[PDB]
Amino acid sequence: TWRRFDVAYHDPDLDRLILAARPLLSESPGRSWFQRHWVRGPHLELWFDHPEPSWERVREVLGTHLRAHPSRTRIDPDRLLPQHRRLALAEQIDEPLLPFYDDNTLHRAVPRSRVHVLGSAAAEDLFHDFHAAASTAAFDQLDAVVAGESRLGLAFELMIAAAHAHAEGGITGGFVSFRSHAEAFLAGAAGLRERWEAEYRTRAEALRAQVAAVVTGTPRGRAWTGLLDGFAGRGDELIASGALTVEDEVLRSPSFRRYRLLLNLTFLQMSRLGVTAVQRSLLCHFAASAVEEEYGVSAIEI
């Protein structure tokens, strides 16, 4: 059985709060993990499958940080609530959306089940295992961000690495998925796409250099794909047995479905690092464009 603690913190910059929580997720046996979530307003979630750290210990560590570094961002519930209602339906969340937590407060919360979305208890357990491993990796990534490294740059690296290692044909195969995701998000937004294209142009040479670096191989890339490798076999088995619901003519291949899962896990990591849905889709646009330009390929030609 899981324990879920919500830390209400309305400033979108959660990095230092997350780093303050690192000991709680690093000091005791058991699976522990964190994610950013929107229910009842922006908050950090800490998940533990073992009894330590206790509430007292959680309160000790986080109370100290909140006193020294309180969030000072006012939110607008009446503006957010329409968006939350859409998210609740799309994400199949049945929890109360109101009232929003007061800023800088700690709460016990309901350990939600995702079996209805993931397909089975086995699939849910796989995701827990992923979040535990990836939360540890996220601490180091967020350290880097706090120290001045680009959040989006770090996320881009993870995505390129995942595609190069885990997509049929490497980066020049996997990039098609990036274009697909970007267009799915845009949903016909010619104006937004134009902004994406314009920003891509300004960043093109740097993004292309980043793609080449990651294809050459970077420490962070190798570490990420190493983490993903640990889940690929289990993913394959659960996809095959129908225990994990993942829902051309290359859709039949377990190879593609594995890729899609591991890319999805990468997106979840990006969320942990504070990259929003719109930013993740922007990065997919950039990734598709950079790959096309660097390797002289076309998503539409395939």
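Numbering starts at 1 and follows the sequence shown.
Asks: With respect to the deposited sequence, is there a break between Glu56 and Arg57 in this entry, and if so is it 1 to 3, 4 to 9, or 10 or more residues, or none at all?
Replies: The entry leaves nothing out here.
Asks: Looking only at CA atoms, which has the higher mean B factor in the entry: 290-298 or 18-26?
Replies: According to the entry, 290-298 carries the higher average C-alpha B-factor.
Asks: Averaged over C-alpha atoms, is the B-factor higher for 28-36 or for 232-240 in this PDB entry?
Replies: Higher mean C-alpha B-factor: 232-240.
Asks: Per the coordinate record, which of the options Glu183, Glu124, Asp76, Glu194 holds the highest CA temperature factor?
Replies: That would be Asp76.
Asks: Going by the CA temperature factor in the entry, name the top one among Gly226, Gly188, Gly153, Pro219.
Replies: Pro219 has the highest C-alpha B-factor of those listed.
Asks: For the chain shown, is the CA B-factor of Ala68 in the lowest, middle or highest third of its modelled residues?
Replies: Highest third, going by the recorded CA B-factors of the chain.
Asks: Going by what the PDB entry lists, where does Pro42 fall on CA B-factor within its chain: lowest, middle or highest third?
Replies: Answer is middle: the recorded C-alpha B-factor places it there.
Asks: Per the entry's values, where does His50 land by CA temperature factor relative to the rest of its chain, in the lowest, middle or highest third?
Replies: CA B-factor rank for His50: middle third.
Asks: Lowest, middle or highest third: which one holds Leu273 when the chain's residues are ordered by CA B-factor from the entry?
Replies: CA B-factor rank for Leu273: lowest third.
Asks: Mind checking which third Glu95 falls in for C-alpha B-factor across the chain?
Replies: Its C-alpha B-factor, which the entry lists for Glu95, ranks in the highest third among residues of this chain.
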